[PDB]
Amino acid sequence: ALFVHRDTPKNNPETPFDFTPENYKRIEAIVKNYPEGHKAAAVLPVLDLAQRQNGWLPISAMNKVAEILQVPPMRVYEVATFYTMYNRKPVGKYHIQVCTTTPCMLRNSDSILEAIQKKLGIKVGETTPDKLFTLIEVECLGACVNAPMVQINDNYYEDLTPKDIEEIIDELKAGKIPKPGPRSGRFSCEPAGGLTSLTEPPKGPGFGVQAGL
Amino acid sequence: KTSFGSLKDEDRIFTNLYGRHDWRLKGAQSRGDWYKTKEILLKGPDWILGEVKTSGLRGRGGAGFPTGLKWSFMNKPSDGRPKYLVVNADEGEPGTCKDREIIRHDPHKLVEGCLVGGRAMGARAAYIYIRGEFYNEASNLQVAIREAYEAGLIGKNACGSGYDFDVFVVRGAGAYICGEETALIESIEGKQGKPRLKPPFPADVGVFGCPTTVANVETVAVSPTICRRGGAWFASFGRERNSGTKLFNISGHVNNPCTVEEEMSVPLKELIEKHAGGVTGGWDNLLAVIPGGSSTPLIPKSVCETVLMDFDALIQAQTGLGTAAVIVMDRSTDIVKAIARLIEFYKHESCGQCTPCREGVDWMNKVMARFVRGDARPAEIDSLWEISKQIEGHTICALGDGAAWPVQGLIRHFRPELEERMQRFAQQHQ
Amino acid sequence: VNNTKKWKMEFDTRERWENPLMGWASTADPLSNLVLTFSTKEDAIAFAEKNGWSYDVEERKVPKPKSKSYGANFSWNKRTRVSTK
Ligand SMILES: NC(=O)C1=CN([C@@H]2O[C@H](COP(=O)(O)OP(=O)(O)OC[C@H]3O[C@@H](n4cnc5c(N)ncnc54)[C@H](O)[C@@H]3O)[C@@H](O)[C@H]2O)C=CC1
Ligand SMILES: Cc1cc2nc3c(=O)[nH]c(=O)nc-3n(C[C@H](O)[C@H](O)[C@H](O)COP(=O)(O)O)c2cc1C
Ligand code: SF4
Ligand code: FES
């Protein structure tokens, strides 16, 4: 929650962090996208790579990204403290993000947040003591017709009841992987009472093309 | 044409919007995409700019700037710097979930849009700044871009036209302000998402200091359909200077919250009752509608009966179109809790660069958190109004404007509900 | 920059010593607080010649106009790119 750093024993510039060699090939692939002379523009993917290797960012990944891109370390500190994904504290393995903005609060995502809080025994921001589940509360995640929805580390879980998210937490505790989709009768975003549109077959190539083309 | 709405399935631009067909290359070429692309590329930038200008296409990002007139700023000779079409794919606007559908379900339409747009403005590559929350959609789009390179459609000698054009995907990192075009440029450059000042516009100094056009996913993806089908075809739908089709995201308190492509000047009541089945409890249960996502001011039930969902008829309703995201709020809704949560969104998602947003959006969230309880006196309504007028137009980007607008809409349309809230607080705590 | 508008005439600063009773700044110079204001330089020169005061004149140091460009902070090939904003 804080935007200063204090050198704890488990988080310091002497904390061990280095990329794997396949991650060095990935950082080569990232840096080769950007033009020559603007290598610094590879801060945000590579640092996110340094979050996908470790799960979180101690202050050695910030120093390592500043070391391999030859940028000042303060310019990576700004990126890690500006963006809400760079977890600068050690999160659980299933980082649960509940969206409770206005289109999801209208569709009662507060009941889902209460269900996750009583199911895991924790509250918003805390971590379960087995370090599996981190429950926080985030802003609009972009699935507003599929509201109310949560996010688990890569995945969207949409149209949720409290029973649905209890089912998802149950199949996450046993080690299984769930299906990232809407848990109601619809598939992605269509009207739940059947398709009100795009029922006709798409015509294909050549349809309606103007002359002289 | 006088009436609008009830759009046919054959006049849709975004077929396979619902994921029912194959999103891949064999699916996209079976739906008309990547057809006669080389003949579009060979006919020059000026022909494509004339097709987009004649079509009446406006900004689908939310401001509604004329898209052909926007892209024609880049049709200017080189100076040693390359040019870049950069696709704004962030979509952090609450209520808005349409570009997620375009990237996840129609990716090759977006890739051909990047190609035709980058030919139209002489751009060298394409940076699709996709949202960091849209990870599976980003890998989805990267598989489609792999299918576009490996078929020889883009890259070296794109579609066999002698034109070279790359397409990149840069993921975000969870920042709503990085949807604004200059802050998106600042996020691609490896910096904080702090918006630049205008001028320099991105057509002069954009990404890496190059000429740049930052354009929405929708207004990029529909442009090969405009070039194939014609300009007059896309101009025939909707009113004049409100031409075309539009994706609408009906969410909130409706029976069937859904994304649907619909004609531009459709009535709001017809849209909600047809595609969403109406408001939960009927149309008489409607209390308010935020018409186009959080940035636009809400309109009450007395305006939603006859209003049209294009730019100009909503500007006549002293709100905006924006992202065309219809948030429906019925009678069971504490509207003050919802708008104070919306201002809480605009202070948790605000980059802190300049003064009036950084201070006043937190201060409007504190005043709105007291207005939820009613822990104020009614002279703090008009006071708060002045605070909105001290933010609207005095900031760098339009997130200060997009945070001043809902406060103004809530005050203007439900001042007596706030007043009776505060007076019942004042009597029950004294 | 409103304090850099009008010309001023001061004098040399003579001795300030410690008052033994209170530690205050005792002085013997009567002209130690005399700062005169003149709208132009030559009025001050004519005033100093008029009273017999030997005078030295510093010239008006004006700041030269700078080339301010907001786009220069985001150049392509130049070093004047800002590292952050
Ligand atoms: N789609 C979304 O997810 C969201 C959309 N919005 C909407 O975005 C809008 C605010 O966007 P802004 O960029 O701040 O407004 P708008 O004034 O700036 O900009 C739209 C386009 O017009 C161009 N433009 C305007 N005047 C120009 C000129 N004289 N010379 C050159 N180019 C010019 C700009 O380059 C820009 O690309 C609002 O309508 C808001 O509702 C807001 C939040 C989220
Ligand atoms: C705070 C803020 C956030 C924005 N977010 C987005 C966005 O996420 N996606 C988008 O297409 N436009 C967004 N815009 C609008 C852009 O400024 C710009 O109008 C658009 O990205 C490109 O213009 P276009 O309509 O011609 O495509 C945002 C504007 C502001 C002020
Ligand atoms: S007004 Fe707010 S959103 Fe805009 S540049 Fe300033 S801090 Fe950023
Ligand atoms: S509001 Fe929850 S996803 Fe947009």
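Don't worry about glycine lacking a Cβ; one is built from the backbone with ideal geometry, like all the others, and counts go over all protein chains shown. Each reported figure results from applying straightforward, stated rules to the coordinates on display, with no laboratory input.
Can you tell me which of A:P90, A:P73 is over 24 Å from B:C178 (Cα atoms), out of contact with any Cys (no Cβ under 9 Å at 6 or more places or on another chain) and away from ligand 4 (no atom under 16 Å from the Cβ)?
Exactly one of A:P90, A:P73 is over 24 Å from B:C178 (Cα atoms), out of contact with any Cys (no Cβ under 9 Å at 6 or more places or on another chain) and away from ligand 4 (no atom under 16 Å from the Cβ), namely A:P90.
Answer yes or no: is there a residue in the range B:176-186 that is of a type in the set (G, A, S) and away from ligand 3 (no atom under 12 Å from the Cβ).
No - not one qualifying residue is present in the range B:176-186.
How many residues does the range A:169-189 contain that are touching a strand residue (DSSP E or B) at 6+ places or on another chain (Cβ under 6 Å) and surrounded by 17 or more Cβ atoms within 10 Å (Cβ to Cβ)?
3
Just give me the residues in the range B:323-352 being under 18 Å from B:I396 (Cα atoms), more than 9 Å from chain A (Cβ to nearest Cβ) and within 18 Å of the chain's Cα centre (by Cα), in sequence order.
Answer for the range B:323-352, where residues must be under 18 Å from B:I396 (Cα atoms), more than 9 Å from chain A (Cβ to nearest Cβ) and within 18 Å of the chain's Cα centre (by Cα): B:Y346, B:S350.
Out of B:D33, B:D9, I need the residue that is in contact (Cβ under 8 Å) with a residue 60 or more places away in the chain and within 9 Å of chain A (Cβ to nearest Cβ). Which one? Break it down into steps so the answer makes sense when it comes.
Values: B:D9 fails: in contact (Cβ under 8 Å) with a residue 60 or more places away in the chain.
B:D33 is the lone residue from the list that is in contact (Cβ under 8 Å) with a residue 60 or more places away in the chain and within 9 Å of chain A (Cβ to nearest Cβ).
Of all residues in the range A:12-34, which are in contact with a helix residue (DSSP H, G or I) (Cβ under 6 Å, 6 or more places away or on another chain), assigned to a loop (DSSP other than H, G, I, E, B) and within 14 Å of another protein chain (Cβ to nearest Cβ)?
Passing the criteria: only A:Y34.
Looking only at the range B:149-166, decide whether some residue is within 14 Å of chain A (Cβ to nearest Cβ) and within 23 Å of the chain's Cα centre (by Cα).
no
Which residue is farthest from ligand 4 (Cβ to nearest atom), if the candidates are limited to the range B:63-90 and must be part of a loop (DSSP other than H, G, I, E, B) and surrounded by 24 or more Cβ atoms within 10 Å (Cβ to Cβ)?
In this case the residue turns out to be B:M74.
Here's the yes/no breakdown for (1) more than 30 Å from B:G68 (Cβ to Cβ); (2) within 16 Å of ligand 3 (Cβ to nearest atom); (3) of a type outside the set (A, V, I, L, M, F, W, C):
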position: B:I226; (1), (2), (3): no, no, no
position: B:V260; (1), (2), (3): no, no, no
position: B:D284; (1), (2), (3): yes, no, yes
position: B:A288; (1), (2), (3): yes, no, no
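Can you pull out every residue in the range A:99-141 that is among the hydrophobic types (A, V, I, L, M, F, W, C), within 14 Å of chain B (Cβ to nearest Cβ) and not in a helix (DSSP H, G or I)?
A:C99, A:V124, A:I136, A:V138, A:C140, A:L141 - these are the residues of the range A:99-141 that are among the hydrophobic types (A, V, I, L, M, F, W, C), within 14 Å of chain B (Cβ to nearest Cβ) and not in a helix (DSSP H, G or I).
Before we move on, is A:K39 over 19 Å from B:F168 (Cβ atoms), among the charged types (D, E, K, R) and touching a residue at least 24 places away in the same chain (Cβ under 8 Å)?
no
Inspect all residues belonging to the range B:47-58 and state whether any of them is within 13 Å of another protein chain (Cβ to nearest Cβ), over 24 Å from the mean Cα position of the chain (by Cα) and surrounded by fewer than 18 Cβ atoms within 10 Å (Cβ to Cβ).
yes
Considering only residues of the range A:57-82 that are buried (at least 17 other Cβ atoms within 10 Å of the Cβ) and part of a loop (DSSP other than H, G, I, E, B), which is farthest from the other protein chains (Cβ to nearest Cβ)?
Restricting to residues being buried (at least 17 other Cβ atoms within 10 Å of the Cβ) and part of a loop (DSSP other than H, G, I, E, B), the top hit is A:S60.
Would a scan of the range B:91-102 turn up a residue that is in contact with a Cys (Cβ under 8 Å, 6 or more places away or on another chain), assigned to a loop (DSSP other than H, G, I, E, B) and β-branched (V, I, T)?
Looking through the range B:91-102, at least one residue is in contact with a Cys (Cβ under 8 Å, 6 or more places away or on another chain), assigned to a loop (DSSP other than H, G, I, E, B) and β-branched (V, I, T).
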